[PDB]
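The residues making up each chain are set out below.
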Amino acid sequence: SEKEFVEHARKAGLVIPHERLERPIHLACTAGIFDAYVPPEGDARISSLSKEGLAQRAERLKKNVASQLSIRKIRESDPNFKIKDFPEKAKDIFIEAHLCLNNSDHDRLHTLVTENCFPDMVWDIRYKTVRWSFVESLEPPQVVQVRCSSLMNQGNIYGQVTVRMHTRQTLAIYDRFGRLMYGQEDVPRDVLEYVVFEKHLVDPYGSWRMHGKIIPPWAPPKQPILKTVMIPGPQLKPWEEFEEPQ
Amino acid sequence: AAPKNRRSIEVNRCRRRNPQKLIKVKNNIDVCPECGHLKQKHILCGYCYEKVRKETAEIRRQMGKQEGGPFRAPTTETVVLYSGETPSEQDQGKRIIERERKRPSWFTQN
Amino acid sequence: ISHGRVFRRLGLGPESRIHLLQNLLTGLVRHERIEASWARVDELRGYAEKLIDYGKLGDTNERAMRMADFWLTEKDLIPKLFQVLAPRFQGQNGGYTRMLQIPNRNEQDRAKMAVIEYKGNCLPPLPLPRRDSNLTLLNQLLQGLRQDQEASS
RNA sequence: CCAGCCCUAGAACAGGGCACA
RNA sequence: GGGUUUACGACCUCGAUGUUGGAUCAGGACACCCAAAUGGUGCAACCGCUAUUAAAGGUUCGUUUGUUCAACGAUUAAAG
RNA sequence: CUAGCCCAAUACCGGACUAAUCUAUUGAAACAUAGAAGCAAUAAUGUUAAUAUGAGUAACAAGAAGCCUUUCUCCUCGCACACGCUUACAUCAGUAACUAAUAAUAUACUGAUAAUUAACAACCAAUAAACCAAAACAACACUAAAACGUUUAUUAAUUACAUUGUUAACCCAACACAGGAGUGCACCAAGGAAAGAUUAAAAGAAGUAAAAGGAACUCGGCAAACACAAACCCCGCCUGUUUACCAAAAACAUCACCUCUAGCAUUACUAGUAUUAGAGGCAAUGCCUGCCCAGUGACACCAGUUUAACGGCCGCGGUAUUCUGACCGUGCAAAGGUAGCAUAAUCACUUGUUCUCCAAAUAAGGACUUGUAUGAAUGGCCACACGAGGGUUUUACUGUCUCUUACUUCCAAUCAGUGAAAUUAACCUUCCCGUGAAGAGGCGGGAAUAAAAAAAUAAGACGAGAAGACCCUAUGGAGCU
RNA sequence: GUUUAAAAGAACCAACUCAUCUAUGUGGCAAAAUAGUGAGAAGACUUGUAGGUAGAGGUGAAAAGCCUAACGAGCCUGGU
RNA sequence: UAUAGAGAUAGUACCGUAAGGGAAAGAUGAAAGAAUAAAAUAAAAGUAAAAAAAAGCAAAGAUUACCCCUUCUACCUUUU
RNA sequence: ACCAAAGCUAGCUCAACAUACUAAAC
Ligand SMILES: Nc1nc2c(ncn2[C@@H]2O[C@H](COP(=O)(O)O)[C@@H](O)[C@H]2O)c(=O)[nH]1
Ligand SMILES: *C(=O)[C@H](CCSC)NC=O
Ligand SMILES: [Mg+2]
Ligand SMILES: [Mg+2]
Ligand SMILES: [Mg+2]
Ligand SMILES: [Mg+2]
Ligand SMILES: [Mg+2]
Ligand SMILES: [Mg+2]
Ligand SMILES: [Mg+2]
Ligand SMILES: [Mg+2]
Ligand SMILES: [Mg+2]
Ligand SMILES: [Mg+2]
Ligand SMILES: [Mg+2]
Ligand SMILES: [Mg+2]
Ligand SMILES: [Mg+2]
Ligand SMILES: [Mg+2]
Ligand SMILES: [Mg+2]
Ligand SMILES: [Mg+2]
Ligand SMILES: [Mg+2]
Ligand SMILES: [Mg+2]
Ligand SMILES: [Mg+2]
Ligand SMILES: [Mg+2]
Ligand SMILES: [Mg+2]
Ligand SMILES: [Mg+2]
Ligand SMILES: [Mg+2]
Ligand SMILES: [Mg+2]
Ligand SMILES: [Mg+2]
Ligand SMILES: [Mg+2]
Ligand SMILES: [Mg+2]
Ligand SMILES: [Mg+2]
Ligand SMILES: [Mg+2]
Ligand SMILES: [Mg+2]
Ligand SMILES: [Mg+2]
Ligand SMILES: [Mg+2]
Ligand SMILES: [Mg+2]
Ligand SMILES: [Mg+2]
Ligand SMILES: [Mg+2]
Ligand SMILES: [Mg+2]
Ligand SMILES: [Mg+2]
Ligand SMILES: [Mg+2]
Ligand SMILES: [Mg+2]
Ligand SMILES: [Mg+2]
Ligand SMILES: [Mg+2]
Ligand SMILES: [Mg+2]
Ligand SMILES: [Mg+2]
Ligand SMILES: [Mg+2]
Ligand SMILES: [Mg+2]
Ligand SMILES: [Mg+2]
Ligand SMILES: [Mg+2]
Ligand SMILES: [Mg+2]
Ligand SMILES: [Mg+2]
Ligand SMILES: [Mg+2]
Ligand SMILES: [Mg+2]
Ligand SMILES: [Mg+2]
Ligand SMILES: [Mg+2]
Ligand SMILES: [Mg+2]
Ligand SMILES: [Mg+2]
Ligand SMILES: [Mg+2]
Ligand SMILES: [Mg+2]
Ligand SMILES: [Mg+2]
Ligand SMILES: [Mg+2]
Ligand SMILES: [Mg+2]
Ligand SMILES: [Mg+2]
Ligand SMILES: [Mg+2]
Ligand SMILES: [Mg+2]
Ligand SMILES: [Mg+2]
Ligand SMILES: [Mg+2]
Ligand SMILES: [Mg+2]
Ligand SMILES: [Mg+2]
Ligand SMILES: [Mg+2]
Ligand SMILES: [Mg+2]
Ligand SMILES: [Mg+2]
Ligand SMILES: [Mg+2]
Ligand SMILES: [Mg+2]
Ligand SMILES: [Mg+2]
Ligand SMILES: [Mg+2]
Ligand SMILES: [Mg+2]
Ligand SMILES: [Mg+2]
Ligand SMILES: [Mg+2]
Ligand SMILES: [Mg+2]
Ligand SMILES: [Mg+2]
Ligand SMILES: [Mg+2]
Ligand SMILES: [Mg+2]
Ligand SMILES: [Mg+2]
Ligand SMILES: [Mg+2]
Ligand SMILES: [Mg+2]
Ligand SMILES: [Mg+2]
Ligand SMILES: [Mg+2]
Ligand SMILES: [Mg+2]
Ligand SMILES: [Mg+2]
Ligand SMILES: [Mg+2]
Ligand SMILES: [Mg+2]
Ligand SMILES: [Mg+2]
Ligand SMILES: [Mg+2]
Ligand SMILES: [Mg+2]
Ligand SMILES: [Mg+2]
Ligand SMILES: [Mg+2]
Ligand SMILES: [Mg+2]
Ligand SMILES: [Mg+2]
Ligand SMILES: [Zn+2]
């Protein structure tokens, strides 16, 4: 007669069991971006001409002292590190990561992108179908800036490299029922992004992993969705009156 | 008396699925033209009545705070005014309750 | 067989029903608007009308005085009944109360509930059910019929 | 036609009334 | 010929078919007590005695007794 | 006839195969040959666990409004201690679910934190002597002879603060149970709420009222009543005790009266001593208790004595015209039933006969009385008082009844929440006649027959409940003599 | 409390103790209760605490009663 | 191999005043410091998906066709 | 589709040997 129920699922963590951990948390990456590169508002008009863009890009890459000392730090920490063959590897990593997210290959996707890039690109898409492809690239990827974050508590250095890409992709996100949701699979839309890769320099392996994706604030808005959206108003209690904002 | 045999699921279903035991649909449901909530055509609106009841409870709370006793009822009429209002020539000589809230849109001055 | 019965059985008997109605009438006189069960309010409405009539009978009437003394349990409401409720009901004949069925009680009993209110009180007006305007299709058709009947005379 | 409200109609469901006033 | 009494038999029930009288409600048979239609009489009349047909409807209230019965009081068209 | 694998079955008997396991050798998309067994479940009112039917049925709960804990309507088992339970107590927070037989939330669930502080209570001198003289307002007394104390002498470590019980809405009854519970205070100044919300069907429970009659009802005046009185018998003298849980009595005990058994000392009887103490009978009191020691007991160890010890107290025939038999003959006994009462609580006949009571009586009371089976301490006859004992009358009273009715409350029906029980082979679960393990829903011959709810009545399901308690059987028991 | 020269195994009637009769209840509030009505109520009276008598027995104002909800003889264990 | 094997997760909860009796209850993964957690059965009885339409031990012969037609007195035990 | 279902382990049983037989905590 005396019986009760069990399995009341509750998640309650405290600072005492958080800090009495025997081994610290090994992080293969940092939280976010330390020094975000703010691009000039004239990219849309300088990307039209080849020489006037590449010249300014090389000037910005060579004249900044912070980027130069960071490249020197990466060079002294790991040999055979050159910036000339870096954009090709960055483009390869980008295309293979997008193909891995297309094929739903979470293992190779984890090997390619880092722990800050994986959730932001798998969470809202794990229940959908993607048809992404690579057709053309008008402007080759260009290394904009290079930064390095050194924390002396553990003695760990993370080298981040920002690469501006002008890419031409075909994106089509389908629904879990099979209907088209976002865009067509044949329209080669032009995208401009700034991929921030990161690498742990103290690590013996130290693979290059995509860390962040910067979009300029003046970038054109994304393509409209196919369906319509209703935005609800403030759900009013009986003893509350609506206030019309003007 | 005790049952002679076990009633089968067939007869049990025939008994407790008869339309006499099913929940009947209501056709007197309408929307309230004021707040848009659902109500019956012969019953007051729950939302509007809750608004009026909250306002009435606040008014009664203030009018009871005005009278420091349980057996202290006014022998004159009463008038409730809101922030930014003054007693008229017809409302003078009565008890006055003053609310800091602005006058609601449904409360008519009269 | 309950043919020709006008009072419903309430409480623990006739005296208990009288006491329940007396408490309800005291509350109604005090607050000018109360809410209770639909049956109890429907039973109390007639007593409220008769109480307003007895209050209109005057202050110096010993019958009305003792009736108010019996019914109004809180003795501070008898001057109220005789100097607020009765004077403000002078041109009216029988339209003293307003009873409206409110939704069922949110408690588990789901009782059929009503609200009773003395007309002309200092409280927010209940959301009374208003009829349709004359600008409705059917009402405009009936207005046209009425105008035709007026012109035909 | 049957929301509601009354009933000399009724356990529930049914049934009779709701314009004179 | 019937299966109302007592008996006879021991066929169904002893992992239960509860046993007399009453109260309530009665269903049915007729081998009819009354009521209805007749025959015979040693049927004068009133009362009777038998027999035939008919079962839609009735068939009382009390004292004693646990009583079914039984005795008694008052009646009823009769108290089957 | 055409093909075959070429002739039914209960108890018992025989044979050939065989499911699933383990082992020894094969096999390795799960098998073969052998050897072993905890070797096969449609049935034991079978065991365990889970599920259905009954059934969303029986049943269960929170007074009202309100400014939200403030005022109204009612009923009154409250405070403390002892005993007992141990934190269920207090503050804060939460309740989706678990406890409250439902919610609201919370003294009854969950978690954290706190608490009951000694002056009240517990533990808190011995050794000898003086001590007969009750408590009951105790002045003074009665019988049943009655707890409760000081003083004197010898030793009693001697020096602040020791230890322990301090909450509660509580205990014993499987339960937050209409039950059982010691003591001192008061009857409210303290405790609480009969209704979750409607309607006002039947039936059921409780109450109030009722024309005329007033027991005509019924086993009975049971119950009820505006009555709450007077008498007659039976049985027990009376008060009292008894079958906890179907019998409270006429049963037991009882004062009184009778029998037996004992001449006596350190644990009963008894710290008593025949006017005493035990083992018993019968029942106050009044009149009495008649005969018998033949048998069986007990004293006497054989005679003999004992019945207020166990127990018994007679036939057959004729007689005073015609009915009885004062009387006689004969026989057996230990004596042959005395007084009294008597159709009784007394075998049957019996509803014996008669008088009173009633209009009517197998009722009650008074008489007659062989009761051939009454009867005298296993006691017989009357009497006062007494009895929730068993019967009978007289008024009074009334719904007991003629002959029921009206209205309230709990029930009831609907709505909302929670939610059992006996029972159940499966049912797609009609009626009549017949038949049949001898009373049919299931068979036969006929009639009837859209399907499902809800509310009522109990004729049947040889309805449920309890392996009939009556009867019999058992080479089954047990109590008593 | 009342009546009594009375604390009289007297009387009326409370607390209290029993349980006469009826009606509900009958898997119920309850493995014996509720309501009304009853009997005793200064005594052979009720009752608190603590101890004793233990089953071939105890105790018994004999009902073959009671001895931890089933007693013509408790319950548990073992024989089993 | 968790209704088995010791009663045993334990002589513990719980039931009795006591002696004494005496249980049931475990199942992921290398990692849950992999619960926007991943895969195999979705196979008992009981329900839902999906209440029922004359007639009858509920089936069989069948049939274009679920019933409608025709035929068969549930099973064990105990008994003549 | 709910209710549910399946693990292989905890451990037990019977013997042999055996120090020689009321474990640990006290
Ligand atoms: N003694 C005896 N009993 C028989 C014989 N045959 C049948 N029975 C009994 O009859 C019963 C079964 O009836 P049956 O199956 O023979 O009709 C069983 O009790 C069985 O023992 C017989 O030949 N001799
Ligand atoms: C007699 O017929 C019997 C009585 C037994 S009571 C001693 N009744 C039923 O079996
Ligand atoms: Mg109509
Ligand atoms: Mg016969
Ligand atoms: Mg014969
Ligand atoms: Mg026989
Ligand atoms: Mg024979
Ligand atoms: Mg029998
Ligand atoms: Mg049977
Ligand atoms: Mg008849
Ligand atoms: Mg005839
Ligand atoms: Mg005639
Ligand atoms: Mg007849
Ligand atoms: Mg042949
Ligand atoms: Mg054969
Ligand atoms: Mg084999
Ligand atoms: Mg076996
Ligand atoms: Mg099985
Ligand atoms: Mg049974
Ligand atoms: Mg059964
Ligand atoms: Mg079985
Ligand atoms: Mg159910
Ligand atoms: Mg319900
Ligand atoms: Mg039912
Ligand atoms: Mg009910
Ligand atoms: Mg306890
Ligand atoms: Mg609850
Ligand atoms: Mg708590
Ligand atoms: Mg206390
Ligand atoms: Mg009510
Ligand atoms: Mg209540
Ligand atoms: Mg209620
Ligand atoms: Mg009724
Ligand atoms: Mg009645
Ligand atoms: Mg009366
Ligand atoms: Mg009368
Ligand atoms: Mg009579
Ligand atoms: Mg009679
Ligand atoms: Mg009486
Ligand atoms: Mg009397
Ligand atoms: Mg009298
Ligand atoms: Mg006596
Ligand atoms: Mg005397
Ligand atoms: Mg005694
Ligand atoms: Mg008894
Ligand atoms: Mg007793
Ligand atoms: Mg009795
Ligand atoms: Mg008595
Ligand atoms: Mg005697
Ligand atoms: Mg003498
Ligand atoms: Mg005697
Ligand atoms: Mg005598
Ligand atoms: Mg003698
Ligand atoms: Mg002798
Ligand atoms: Mg001799
Ligand atoms: Mg005489
Ligand atoms: Mg006799
Ligand atoms: Mg009589
Ligand atoms: Mg004799
Ligand atoms: Mg004698
Ligand atoms: Mg003698
Ligand atoms: Mg008497
Ligand atoms: Mg007595
Ligand atoms: Mg008596
Ligand atoms: Mg009437
Ligand atoms: Mg049928
Ligand atoms: Mg047969
Ligand atoms: Mg048979
Ligand atoms: Mg038949
Ligand atoms: Mg047939
Ligand atoms: Mg037939
Ligand atoms: Mg025919
Ligand atoms: Mg029946
Ligand atoms: Mg019934
Ligand atoms: Mg049958
Ligand atoms: Mg029967
Ligand atoms: Mg039966
Ligand atoms: Mg038997
Ligand atoms: Mg019996
Ligand atoms: Mg016998
Ligand atoms: Mg034999
Ligand atoms: Mg033997
Ligand atoms: Mg006395
Ligand atoms: Mg009583
Ligand atoms: Mg009464
Ligand atoms: Mg009393
Ligand atoms: Mg008395
Ligand atoms: Mg007396
Ligand atoms: Mg003792
Ligand atoms: Mg013996
Ligand atoms: Mg003895
Ligand atoms: Mg005896
Ligand atoms: Mg006896
Ligand atoms: Mg016992
Ligand atoms: Mg086990
Ligand atoms: Mg076990
Ligand atoms: Mg299934
Ligand atoms: Mg058929
Ligand atoms: Mg037989
Ligand atoms: Zn509204």
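Residues numbered from 1 in each chain as written, not as in the entry; some residues may be left out. Chains lettered and ligands numbered in written order. Part of a larger assembly, values for the part shown. Heavy atoms only, no water.

Looking at the method and resolution fields of the entry, one finds cryo-EM and 3.0 Å.

Attention now goes to the overall build of chain C. Per the secondary structure count, chain C includes 5 helices and 3 strands. Of the regular secondary structure in chain C, the N- to C-terminal order runs α-β-α-α-α-β-β-α. The C-alpha radius of gyration computed for chain C amounts to 20 Å, which surpasses the reference 15 Å derived for 153 residues by more than 25%, pointing to a less compact arrangement than a globule. With respect to the principal axes defined by its C-alpha atoms, chain C has extents near 60 × 45 × 40 Å. By residue count, 38% of the 153 residues in chain C fall in the buried class. (Helix = DSSP H or I, 4+ residues; strand = E, 2+ residues; numbered from the N terminus. Rg over C-alpha atoms; globule rule 2.2 N^0.38 Å. Buried < 20%, exposed > 50% of the residue type's maximum accessible area, 1.4 Å probe, protein only.)

Where interface size is given, it is often the accessible area lost as the parts come together that is meant. Each partner contributes to the interface: chain A provides 5 residues, whereas chain B provides 6 residues. When the two sides are added together, the surface that chain A and chain B hide from each other amounts to roughly 470 Å², 57% of it contributed by carbon and sulfur. On the chain A side of the contact with chain B, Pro238, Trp239 and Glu241 of chain A bury the most area, a combined 90% of that side's loss. Our count for the chain A to chain B interface comes out at 0 salt bridges. Summed over the shared surface of chain A and chain B, the number is 2 residue pairs in polar contact. (Contact = heavy atoms within 4.5 Å. Buried area = accessible area lost by both parts, 1.4 Å probe. Salt bridge = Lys/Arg side-chain N within 4 Å of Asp/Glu carboxyl O. Polar contact = N/O pair within 3.5 Å; in protein donor to acceptor, adjacent residues only side chain to side chain.)

Attention now moves to the nonpolar core. Counting 30 residues, the largest nonpolar core has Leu25, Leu28, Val29, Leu44, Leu72 and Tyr118 of chain C as its most contacted members. Those elements that place two or more of their residues in this core are α1 (14–31), β1 (33–37), α2 (38–56), α3 (62–71), α4 (77–88) and β3 (113–118) of chain C. Within the second largest apolar cluster, 29 residues are counted, among which are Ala90, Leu112, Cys117 and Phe197 of chain A. (Core = buried A, V, L, I, M, F, W, Y, C linked by side-chain atoms within 4.5 Å.)

Attention now moves to the sheet that holds strand β5 (residues 189–200) of chain A. All names here are of chain A. Judged by pairing direction, the sheet is antiparallel, and its 4 strands sit side by side in the order β2-β3-β5-β6 without closing on themselves. Two strands close off the open sheet at either side, each with one partner strand: β2 (133–151) and β6 (209–214). Across the sheet, the mean angle separating the axes of adjacent strands is 25° when strand polarity is ignored. Contacts from helix α5 (residues 86–103) reach β2, β3 (156–170), β5 and β6 within the one sheet, and its direction differs from that of β3 by about 70°. (Pairing = 2+ DSSP bridges. Axes fitted to C-alpha atoms, helices over the stretch in contact; angles between N-to-C directions.)

Before going further, it helps to spend a moment on a nonpolar patch on the surface. Side chains of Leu21, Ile25 and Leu27 of chain A sit close together on the surface and give an oily, nonpolar patch of about 330 Å² of accessible area. Among the structural elements, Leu21 of chain A can be located in the loop between α1 (15–19) and α2 (43–46). (Patch = residues over 30% accessible without salt bridge, like charges linked within 9 Å, V, L, I, M, F, W, Y side chains within 5 Å. Areas by Shrake-Rupley, 256 points an atom, 1.4 Å probe, with all protein chains shown as cover.)

Taken as a whole and assessed by the stated rule, the structure comprises 29 salt bridges over all chains. Linked by salt bridges that have partners in common, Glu55, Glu58, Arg99 and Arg101 of chain B make up one network.

Here we take up the side chain of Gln223 of chain A. Turning to its location among the elements, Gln223 of chain A is positioned in the segment after β6. Among the polar contacts made by the side chain of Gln223 of chain A, one reaches the side chain of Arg189 of chain A at a distance of 3.0 Å.

It is worth spelling out the packing of aromatic side chains at this point. The tally for this structure, following the rule as stated, stands at 9 aromatic pairs over all chains. The interplanar angle of 40° and the centroid separation of 4.9 Å between the aromatic rings of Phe89 of chain C and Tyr96 of chain C together place this pair among those described as tilted. The same class applies to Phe89 of chain C and to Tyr96 of chain C, which are both buried. Taken together, the ring pairs in this structure connect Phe81, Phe86 and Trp208 of chain A into an aromatic cluster. Across the ring face of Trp123 of chain A, the terminal group of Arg126 of chain A is positioned such that the distance to the ring centre comes to 6.0 Å. Note that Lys54 of chain B overlies the ring of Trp239 of chain A, its terminal NZ or CZ placed 4.5 Å from the centroid. (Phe/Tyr/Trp six-rings, centres within 6.5 Å; stacked < 30°, edge-to-face > 60°. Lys NZ or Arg CZ within 6 Å of the ring centre and 35° of its normal.)

In this numbering, the UniProt entry assigns the feature "binding site: Mg(2+) 1" (unreviewed entry) to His3 of chain C. One can find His3 of chain C in the segment before α1. (UniProt positions renumbered as here; feature names shortened; annotations may be inferred.)

This part takes up the interface of chain C and chain B. Between chain C and chain B, the residue contacts involve 26 residues of the former and 27 residues of the latter. Both sides together, the interface formed by chain C and chain B hides about 2,200 Å², and carbon and sulfur atoms give 62% of it. Per-residue buried area on chain C facing chain B is highest for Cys122, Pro124 and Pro127 of chain C; these three make up 25% of the total on that side. Counting every contact that joins chain C to chain B gives 3 salt bridges. Note that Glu34 of chain B is salt-bridged to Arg130 of chain C, the shortest N-O span being 3.3 Å. For the interface between chain C and chain B, the tally reads 8 residue pairs in polar contact. At the level of elements, α1, β1, α4 and β2 (97–102) of chain C are the ones that each hand at least two residues to the side of chain C that touches chain B. Of the residues assigned to the side of chain C that touches chain B, the class counts are 14 nonpolar, 4 polar and 8 charged. (Nonpolar A, V, L, I, M, F, W, Y, C, P; charged D, E, K, R; others polar.)

Once that is clear, we can look at the protein's contact with RNA strand D. Surveying the vicinity of RNA strand D reveals the residues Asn28 and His42 of chain B together with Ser2, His3, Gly4, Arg5, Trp38, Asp42 and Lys112 of chain C. Close to the protein, within 4 Å, the atoms of RNA strand D are drawn from sugar and phosphate at a rate of 95%. Between RNA strand D and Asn28 of chain B, the relevant distance is 3.1 Å, taken from a sugar or linking oxygen to a side-chain nitrogen or oxygen of the residue. One of the side-chain nitrogen or oxygen atoms of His3 of chain C is found 3.5 Å away from a sugar or linking oxygen of RNA strand D. Tallied by class, the residues present in the surface near RNA strand D amount to 1 nonpolar, 5 polar and 3 charged. (Near = heavy atom within 4 Å.)

This part covers a positive patch on the surface. Residue and element names in this part refer to chain A. Taken together, the side chains of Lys62, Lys63, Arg72, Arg75, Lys82 and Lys84 present a region of like positive charge at the surface. Of all the secondary-structure elements, those providing two or more residues to the positive patch are α3 (51–63) and α4 (65–77). Its place among the elements puts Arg75 in helix α4. Note on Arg75: relative accessible area 30%, which makes it partly exposed. (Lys, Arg positive; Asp, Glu negative; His and termini not counted. Charge placed at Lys NZ, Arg CZ, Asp CG, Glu CD.)

All names here are of chain A. Across 13 bridges, β2 lies against β3 in antiparallel orientation. Paired with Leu151 across the bridge in β3 is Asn156. Linking β2 to β3, which pair antiparallel, is a turn of 4 residues; within it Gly155 sits at a positive phi near 80°.

Right, let's talk about the arrangement of the chains for a bit. Of all 2 pairs of chains that touch, the greatest number of contacts is found between chains B and C. No part of chain A reaches chain C; the closest C-alpha pair between them is 13 Å apart.

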